[PDB]
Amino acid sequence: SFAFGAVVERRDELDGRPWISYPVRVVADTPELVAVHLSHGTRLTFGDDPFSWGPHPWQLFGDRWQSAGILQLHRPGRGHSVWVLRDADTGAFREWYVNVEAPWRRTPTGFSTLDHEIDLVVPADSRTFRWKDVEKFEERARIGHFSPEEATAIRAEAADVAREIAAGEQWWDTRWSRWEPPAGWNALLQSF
């Protein structure tokens, strides 16, 4: 288990290799929570083409994290994480972003996952949320980016969190939306 402020890899692994990989700072690493911090300016490392799913979509923006920094929150065993998203101009908390993805696994350099296209967008202090990229996911399932078993399990995952949020029973502490990084927790440029 990793120390507070340790710099580790967070990777989306596709085709047996890193589709994207970037350095993050550990905020928590416990049996109930893995939280990590992706800082504004951090270098994003993309694997070389071709991938079965095309270039990672974040190459549109280039090879740094352009927005405000984010906290990723992840409950071990579960098929998503929750991102704390802030306004890049004002720094104000805008929303919870639920990224549906493979349950994270620990690697010798940090953690590995894979985005599973389905996303939930939750306004501050709200049980109403917006489904994002559902139809995009279903098309990608149709053409075989995910097998039927995987697609079944992604939809179940996503429906699970959607119900908890709408019930007002979000697994995570909502005080994370006001958490502030220590000073000097700035851009990280290393590549794994």
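The first residue of the sequence shown is number 1, and the count goes up from there.
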| field | Selected stretch [higher average CA B-factor]: 18 to 26 or 172 to 180 | value | 172 to 180
| For the stretches 122 to 130 and 149 to 157, which has the higher mean C-alpha B-factor as given in the deposited record? | 122 to 130
| message | How does the C-alpha B factor of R86 compare with the rest of the chain: lowest, middle or highest third? | response | highest
| request: Using the B-factors in the PDB entry, rank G79's C-alpha atom against the chain and give the third, lowest, middle or highest. | output: lowest
| request: Taking the chain's C-alpha temperature factors as the reference, tell me which third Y97 falls into: lowest, middle or highest. | output: lowest
| remark: Among the modelled residues of its chain, the C-alpha B-factor of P55 falls in the third labelled lowest
| field | Within-chain third of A141 by Cα B-factor, per the entry | value | lowest
